[PDB]
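I have placed the structure first, in the form of structure tokens, so that the comments after it can refer back to it.
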Amino acid sequence: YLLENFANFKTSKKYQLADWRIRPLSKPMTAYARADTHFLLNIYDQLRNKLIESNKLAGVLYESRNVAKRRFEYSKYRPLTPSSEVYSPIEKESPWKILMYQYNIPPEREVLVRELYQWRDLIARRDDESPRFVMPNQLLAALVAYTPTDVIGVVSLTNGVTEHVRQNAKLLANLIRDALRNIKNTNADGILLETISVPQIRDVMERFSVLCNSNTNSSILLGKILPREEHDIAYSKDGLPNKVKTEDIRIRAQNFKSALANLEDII
Amino acid sequence: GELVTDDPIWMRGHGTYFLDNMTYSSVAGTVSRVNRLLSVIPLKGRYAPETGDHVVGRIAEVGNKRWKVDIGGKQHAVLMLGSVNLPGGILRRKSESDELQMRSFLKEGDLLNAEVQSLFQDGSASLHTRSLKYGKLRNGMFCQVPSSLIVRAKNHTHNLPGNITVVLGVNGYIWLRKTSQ
Amino acid sequence: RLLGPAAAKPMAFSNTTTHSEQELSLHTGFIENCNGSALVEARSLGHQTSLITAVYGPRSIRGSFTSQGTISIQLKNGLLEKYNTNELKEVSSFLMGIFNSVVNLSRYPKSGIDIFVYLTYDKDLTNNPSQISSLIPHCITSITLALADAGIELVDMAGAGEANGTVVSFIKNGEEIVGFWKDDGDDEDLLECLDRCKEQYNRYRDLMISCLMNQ
Amino acid sequence: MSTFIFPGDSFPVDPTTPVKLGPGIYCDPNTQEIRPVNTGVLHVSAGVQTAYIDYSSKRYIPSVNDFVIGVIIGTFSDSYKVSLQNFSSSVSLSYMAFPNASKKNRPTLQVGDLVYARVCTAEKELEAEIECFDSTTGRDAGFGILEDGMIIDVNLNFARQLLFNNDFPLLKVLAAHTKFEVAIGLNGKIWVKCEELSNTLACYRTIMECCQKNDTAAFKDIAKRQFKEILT
Amino acid sequence: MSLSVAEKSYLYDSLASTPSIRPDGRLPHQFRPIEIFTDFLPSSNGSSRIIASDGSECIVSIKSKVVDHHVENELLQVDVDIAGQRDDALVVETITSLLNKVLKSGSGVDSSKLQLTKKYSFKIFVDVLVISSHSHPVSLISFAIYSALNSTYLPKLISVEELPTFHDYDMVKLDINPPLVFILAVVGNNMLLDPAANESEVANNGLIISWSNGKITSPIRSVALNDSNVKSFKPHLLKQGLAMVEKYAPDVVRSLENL
Amino acid sequence: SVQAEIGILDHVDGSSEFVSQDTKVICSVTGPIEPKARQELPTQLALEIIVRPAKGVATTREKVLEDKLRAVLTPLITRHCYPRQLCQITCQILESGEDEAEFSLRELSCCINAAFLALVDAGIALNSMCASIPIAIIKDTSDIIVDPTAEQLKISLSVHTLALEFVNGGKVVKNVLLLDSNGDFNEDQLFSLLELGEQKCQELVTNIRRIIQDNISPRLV
Amino acid sequence: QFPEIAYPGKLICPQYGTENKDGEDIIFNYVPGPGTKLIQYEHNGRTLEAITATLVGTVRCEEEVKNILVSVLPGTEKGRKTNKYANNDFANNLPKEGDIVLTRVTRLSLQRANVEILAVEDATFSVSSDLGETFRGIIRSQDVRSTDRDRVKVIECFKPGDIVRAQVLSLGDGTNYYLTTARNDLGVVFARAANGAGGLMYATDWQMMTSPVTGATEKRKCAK
Amino acid sequence: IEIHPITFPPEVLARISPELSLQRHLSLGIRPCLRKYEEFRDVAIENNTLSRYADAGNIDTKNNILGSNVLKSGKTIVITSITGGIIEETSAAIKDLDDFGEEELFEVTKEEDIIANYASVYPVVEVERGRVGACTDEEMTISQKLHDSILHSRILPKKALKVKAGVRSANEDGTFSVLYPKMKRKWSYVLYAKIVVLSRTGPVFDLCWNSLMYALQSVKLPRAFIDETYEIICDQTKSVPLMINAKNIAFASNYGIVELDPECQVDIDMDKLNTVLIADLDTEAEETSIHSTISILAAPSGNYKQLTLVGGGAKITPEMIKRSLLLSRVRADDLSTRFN
RNA sequence: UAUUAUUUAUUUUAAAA
């Protein structure tokens with residue numbers, strides 16, 4: 001945004017997740033790399049003058065010092081309290097708990113995702129790889145959902161396994177099998193009856209019986225006009241009204257409900 | 001409206017605005033000078049939250065993936081879902097939304113204490129309850145004092161004679177309760 | 001059109017031109033719009049009262065998260081003996097303080113109950129010259145009828161009576177008071193007021209169950 | 001064959017020959033009869049025989065494969081909120097509807113920015129969707145932010161005649177006076193831009209005056225008089 | 001502020017105990033400190049400002065009008081205006097209807113003390129302006145209309161029936177017995193006088209009692225203080241509350257008529 | 001003879017102005033646009049009908065004028081092809097052309113003709129065409145007159161508003177949209193003016209078709 | 001021994017009752033149910049936890065020293081057969097979890113279908129105008145079908161105005177309910193062509209609906 | 001091919017689709033109101049029940065209603081009372097100028113205004129539907145229709161609302177005595193009506209009109225007099241009934257036109273047009289589905305006062321127009337003589 | 001679960017790789 005606006009530098013932004021280990025860098029990646037800092041000094045001059053006019057320069061310089069004061073620390077030696085000045089690759093006491101909610105894993109299989117997350121991390125440290133390289137979360141969820149018993153099941157999964165899983169198929173299969181056999185290994189009224197008992201119920205019932213021994217005009221102005229029921233009439237040919245009886249509409253009601261549900265075939 | 005200085009070599013702070021290479025005041029108070037930070041401290045002012053404050057706040061509403069807690073500042077402070085000690089560790093989904101499940105244990109009007117984890121650009125506070133020390137207050141009575149009348153100290157809460165414990169929130173909210181375990 | 005000509009004046013009747021038992025009639029269930037209906041009528045001495053009460057509830061309030069229900073009672077003038085709108089809302093707040101202690105509010109979370117009382121006819125036949133006190137007991141009995149017809153849970157029945165402007169509403173066969181209203185009246189009198197209203201309360205407490213068990 | 005028609009009139013096409021339904025005619029879901037609903041000139045093309053009515057309108061209705069000029073009125077987590085016309089219903093513009101899109105990268109578009117997009121979804125019961133690159137053909141040239149310039153309001157018939165019919169002399173009579181760049185949206189919007197503002201201003205006044213004066217032969221005198229006035 | 005359900009149960013058990021543990025710990029008959037200003041509106045016949053302990057404030061103005069009582073029914077009208085509320089609100093029309101009953105001409109206020117000729121009398125316009133309120137302010141307003149009516153000065157009358165005339169400078173003092181309204185909150189079996197904000201939120205019911213001429217007068221109400229815990233009360237609590245105001249009302253009138 | 005114009009207002013989708021005797025009504029239509037939450041219809045188009053008097057504020061008189069004007073335009077619009085949308089039809093009565101305290105048919109008839117023309121200018125899907133005329137009968141000589149003057153209304157026994165629906169070149173009367181009658185009349189007078197009105201509306205649409213065609217044709221290509 | 005008919009306030013029985021039967025004393029445990037509440041009463045200065053009815057109808061007792069579910073159903077047994085309390089039964093019987101309801105699609109979003117609950121099971125049901133009593137839910141796209149839950153098209157499964165038979169999942173966000181149609185018997189049970197502007201369509205395939213007279217076909221998420 | 005539908009009880013049928021439940025009933029010649037095509041609803045009324053002059057012997061003192069009527073048709077309840085006031089009219093006529101020239105110019109230029117000699121009532125409708133707020137669009141439209149129909153049907157001529165002014169005297173110890181008959185000051189009666197509709201189940205304009213026509217035929221104008229600053233006073237008991245011409249009184253009835261569809265009880269029956277006629281519409285099913293209705297105001301002697309013809313739904317043929325007019329007479333002839 | 005989310009969006013930290 002700062003390049004396209006303040007520097008007027010229209011650029012495609014795809015050389016971020018690229019592999020910067022390769023040598024020599026390609027001509028597009030060399031032009032992209034130099035562009036990240038070529039105009040940043042001109043952008044600095046513009047943004048600084050605006051922070052002075054807006055009286056926000058003090059806050060930016062304060063926040064900048066807090067960014068420069070960040071301290072890297074291993075996850076094993078990280079502080080227990082969350083802080084914005086210390087960084088760790090793992091900032092949670094149980095990182096596999098957010099995977100069980102992300103992929104909807106039953107809480108009874110937490111002992112499985114624990115032993116798989118810890119095994120995946122130790123393997124990543126041994127070969128100096130990322131945990132997603134040896135086993136992404138997509139494959140970690142499949143192993144705990146499908147629970148491959150045999151060694152063939154660990155290899156044949158719909159997404160496809162990594163090479164670390166392919167080599168450790170026997171070790172991983174022995175881990176899910178053992179963790180699943182440990183799951184199968186894992187799997188009142190007398191409180192109030194003694195206070196009042198039975199002979200004392202005759203007291204609370206006798207209390208009841210003699211406590212509650214202490215327990216028509218047609219119309220005045222509108223009582224004989226409002227509670228009137230429905231009266232339906234029909235005009236004959238001579239113009240005289242004819243009141244239908246409440247049993248005639250009863251015939252109509254039961255004749256409709258019976259003839260309504262009596263439809264089970266239409267050509 | 002009046003001029004505080006005509007020296008361009010200054011860093012303007014609160015109660016102070018820049019205009020025509022000169023510096024003016026926006027409030028009524030005393031001029032402060034710290035290194036190069038020029039600011040004006042007004043007389044009356046609400047609580048200004050900062051990073052790392054043992055405050056006491058009341059829940060206003062249960063919002064989308066967060067809570068609105070009444071700290072006493074210009075705006076409501078936000079308490080994110082991933083910043084508290086959840087009951088069962090995580091959410092038990094799918095069944096209900098995130099907001100409805102929060103009201104089961106943290107409804108509107110509940111009183112608690114937390115620490116300001118960080119600040120937003122507008123000055124809003126971001127709280128967190130990631131320790132056993134912070135929790136939901138009970139077994140006591142609530143009282144309120146001005147935030148400026150809170151002397152700074154190492155300890156935020158203190159034990160008092162008579163089996164009573166005081167929670168002096170730096171935002172002015174105090175919770176007097178019986179001493180707990 | 002409406003209101004009519006502003007230059008017209010209402011008719012004026014001159015007083016110099018030519019010159020125990022409180023009857024009761026109860027009905028319920030006759031309005032199709034609402035859930036529970038009621039119609040109470042009373043004619044004692046030279047004062048006849050007839051009012052209609054409708055209950056629309058329980059209505060689920062969208063987005064509400066209240067633990068218990070909320071009762072809304074509204075008095076509305078009818079066609080004779082119009083009272084001022086301020087005093088009508090005063091009796092409404094007094095009535096809401098009564099049924100909030102009677103209606104099972106915990107049985108209706110995130111919902112409300114709206115009461116509508118229409119003072120359709122309040123006749124008065126005094127010979128020659130607060131008048132609202134004689135209608136509060138009749139309004140309480142009308143709401144309890146329509147609330148019972150609407151399938152709403154009511155902790156015990158509620159009735160009241162008048163004793164020279166003194167209106168007292170009882171519960172549990174007069175064991176506990178749920179409302180107190182007194183306008184004008186005299187001094188020192190209190191034991192006879194609670195007695196005359198309590199016997200009038202039991203007269204209404206069983207007569208409401210009469211029409212509610214029939215039909 | 002072109003004739004003026006009215007709603008409720010008899011459709012001058014025999015029900016024997018299959019005819020394609022276009023904008024202007026309506027097929028009753030009950031009587032299954034084809035009847036007009038708009039007022040204008042009826043068009044029938046003599047493999048496939050389609051029929052539609054050309055009616056005068058200004059309220060744009062979203063239709064797929066239409067090029068429109070929208071205004072961004074809302075930024076969100078995964079999509080923009082774009083307004084194709086005032087008071088109308090807003091349309092959706094996803095962040096992944098851009099060339100070289102990424103879920104980890106937010107586009108540099110803010111509110112008030114003019115975008116030239118294509119309608120890719122126009123369900124009547126849903127919100128319309130637009131995109132800044134053709135998802136069917138992979139096109140991306142011409143789509144995107146319209147920086148600076150000036151936008152003009154015209155009726156839908158004037159905008160459609162300017163984008164499709166190459167015989168409309170408005171573009172030609174404008175090039176005779178100044179070099180510019182134009183973007184025509186089927187929602188009644190026309191975005192122009194020149195080197196100097198004085199040239200863009202004269203282009204705005206001409207397109208405004210030519211839209212109300214339906215005399216196509218008068219476009220030459222409009223641009224002649226308009227460009228000659230700004231010199232004072 | 002609002003109260004959490006945790007501290008709500010804490011106050012209920014402490015207030016309903018046989019030793020009433022008030023939040024501020026006062027006695028069930030002690031009041032909070034009150035500041036009352038009087039005679040500051042020159043354009044009005046009488047005025048007063050009252051400031052409660054919880055920041056509650058109320059302003060009263062008293063105007064007069066010469067009217068014929070043979071055609072004017074009520075000679076005392078109360079017009080309440082709570083800040084932040086509409087004029088047709090329920091919380092406003094109830095107090096407006098209630099204050100016109102405690103100050104009704106011929107009932108709580110005798111119409112004889114503001115009469116002029118056989119044909120004419122004075123009509124008192126009591127205008128109330130509630131700037132801030134935390135609880136039911138019907139008791140705080142009654143104190144304000146008391147100090148204002150006891151500092152009100154009406155023009156002196158100068159006296160075949162003709163229209164009345166008044167002196168240019170000299171004015172008479174309005175000597176009227178102004179009724180007083182008290183609020184009582186019942187919490188279980190304890191009766192509380194002058195309930196605070198948090199106290200009135202956990203109460204089981206409420207009582208409104210008028211007081212004029214050194215005795216209890218009409219009207220009296222039993223309106224609720226919170227729709228949550230509305231509980232019916234034993235008639236002995238009504239008598240205990242009605243008898244408790246008789247024991248401490250003269251202590252109020254003596255501390256209120258000093259001005 | 002009646003006068004009518006189209007596309008007079010700028011900031012609306014479709015406008016019109018209908019004149020008859022002395023009654024002048026300017027109508028505007030905007031739609032389909034975003035409806036309000038209390039207005040949206042799940043399957044079809046929602047209408048907002050507003051008629052405003054020439055003098056004073058909008059009273060209950062114009063409320064029944066809206067309800068009648070709504071009953072005419074609703075079956076005249078293909079509402080189903082605009083689901084969850086809104087159409088704002090606003091009629092402004094410039095001159096009443098009649099005694100407002102006594103009659104309101106000359107304004108209702110013009111609002112119908114102005115709304116239909118404005119709906120044509122806006123581009124809303126219309127199922128057919130429409131025409132509306134006022135009808136009255138004189139007291140002394142019980143004569144049926146079409147489009148009566150203001151003086152003839154004050155000497156009439158009954159007043160009538162006839163709104164018809166025309167299809168197929170404006171010759172087939174598909175239905176009778178609105179026939180509002182007030183006064184004194186019997187069954188014989190009804191069909192006498194109803195037959196007379198069907199041929200006076202028939203020449204109105206024939207003149208309306210000519211009016212709208214003289215304006216829309218120069219717009220198109 | 002309790003009277004059959006009951007009024008709001010009639011004392012039924014305390015929470016403890018005993019009787020001698022066959023020389024074996026038993027104690028009844030009466031718990032409150034839908035239509036009662038434990039109310040303390042005083043007659044000699046000592047309280048008791050008695051059960052008091054608070055409805056208009058008949059009292060019915062069930063079982064789970066045993067416990068007795070004492071409840072009062074509203075109305076008379078003759079009135080329940082006539083179903084004279086249809087409007088009252090809809091509001092009092094809120095849709096619990098796992099119930100089956102008949103809704104109406106009122107709003108179509110790209111990832112959800114807002115509906116309006118019209119009935120609920122009591123096949124017998126219960127359904128109530130200016131009554132002001134109506135419930136609403138949301139049918140999410142993930143709960144439309146069981147085969148391939150993610151990446152669906154609700155425009156091809158529902159339309160505004162269609163009647164949908166869907167089983168509830170849980171209370172969504174308090175404002176709305178969460179429904180599902182991932183079953184063969186759940187889906188559109190009554191729709192009409194062109195958003196009600198056509199003829200009555202009937203379900204045929206698992207995702208195909210057609211009208212006999214008009215012959216037009218429209219894709220839905222039917223139920224059969 | 002052949003596919004059987006889904007069965008539904010009649011209760012949920014009316015809720016999921018009022019149009020479907022309407023056509024299903026019409027297949028059996030019945031309506032969802034459990035009535036046939038041309039079956040109305042019986043009415044029961046009580047006149048002067050709320051009036052000040054209810055008892056000829058014990059005339060109420062502190063009453064205001066000059067006449068009332070309590071109507072109930074089916075399950076809807078209509079309560080209509082009529083109060084009243086009096087207004088003093090000024091003589092702004094050119095006759096008082098005593099000039100022949102100006103008076104002759106007035107007679108020549110004056111145009112005839114037939115409806116200017118008639119007045120109307122100012123009704124206030126209050127349909128209780130369990131809501132709060134201002135006047136509903138329904139309440140306002142009904143009030144305007146009652147005012148416009150009363151005025152055009154010529155029920156209340158202005159000369160019929162004049163006040164025979166009196167002068168009450170103060171003779172010796174007879175306290176007061178009133179005498180009745182050109183007088184200087186003049187007066188005219190002003191009639192106010194308030195209508196309260198309860199348990200509304202459909203269109204209630206026809207019920208409000210019929211209830212008002214009964215209450216109008218039962219109002220008495222209290223005699224007025226002046227003392228001897230002197231405003232006018234009405235008599236405490238003496239009164240004169242309102243002289244309403246029974247020629248012009250009319251009654252209301254609404255009718256609808258419904259087209260039957262073959263899909264509700266094989267290809268030859270699909271093109272079988274058969275539009276039916278419904279009398280006295282009611283229930284939400286008929287109010288919403290039927291979009292082509294006819295409301296008529298029919299007076300005796302076959303005279304019609306008002307008629308609205310909306311053709312939104314099915315096509316209305318002259319046969320059903322003649323049928324509705326004739327069916328309107330048989331009800332107006334009944335309602336006008338069923339009680340009096 | 002703020003590198004999380006709100007769909008006609010009340011998010012008020014979307015920045016780095």
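Convention: chains lettered A, B, ... in structure tokens order; per-chain residue numbering from 1; ligands numbered from 1 as shown.
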
Select residues of chain G: the criterion is any atom within 7 Å of an atom of chain A, counting only C-alpha atoms; output as number ranges by chain.
-> G: 16-18, 27, 43

Shell around residue D:209 at 9 Å using only C-alpha atoms (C1' of nucleotides), local window under 5 positions removed, as an mmCIF file with N, CA and C atoms, in the first residue's frame:
data_model
loop_
_atom_site.group_PDB
_atom_site.id
_atom_site.type_symbol
_atom_site.label_atom_id
_atom_site.label_comp_id
_atom_site.auth_asym_id
_atom_site.auth_seq_id
_atom_site.Cartn_x
_atom_site.Cartn_y
_atom_site.Cartn_z
ATOM 1 N N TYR D 204 -16.221 15.384 -19.945
ATOM 2 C CA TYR D 204 -17.359 15.194 -19.051
ATOM 3 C C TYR D 204 -18.584 15.948 -19.555
ATOM 4 N N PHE D 219 -23.484 15.103 -32.252
ATOM 5 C CA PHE D 219 -22.336 14.902 -31.373
ATOM 6 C C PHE D 219 -21.122 15.695 -31.837
ATOM 7 N N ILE D 222 -21.513 19.274 -30.611
ATOM 8 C CA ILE D 222 -21.436 19.366 -29.156
ATOM 9 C C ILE D 222 -19.983 19.439 -28.706
#

Compile a residue-level contact table for chain B against chain C at a cut-off of 12 Å, reporting for every qualifying residue the shortest atom pair and its distance in Å to one decimal, with only C-alpha atoms counted, rows ordered by chain and ascending number, as CSV.
residue,atom,partner,partner_atom,distance
B:61,CA,C:65,CA,10.8
B:62,CA,C:65,CA,10.7
B:99,CA,C:65,CA,11.7
B:100,CA,C:65,CA,9.6
B:103,CA,C:65,CA,9.1
B:104,CA,C:65,CA,11.1
B:107,CA,C:65,CA,9.5
B:108,CA,C:65,CA,9.5

What are the residues of chain F that have an atom within 10 Å of an atom of chain D, counting only C-alpha atoms, as number ranges by chain?
-> F: 12-14, 30-35, 42-44, 76-78, 81-86, 119-129, 165-172, 174, 209, 212-213, 216-221

Which parts of stretch 3-209 of chain G does DSSP call alpha helix (DSSP H) when run on the backbone here, written out as a ChimeraX atom specification?
-> /G:77-82,86-92

For residue D:20: contacts at 9 Å, only C-alpha atoms (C1' of nucleotides), fewer than 3 positions along chain excluded, given as a PyMOL selection string = chain D and resi 48-52
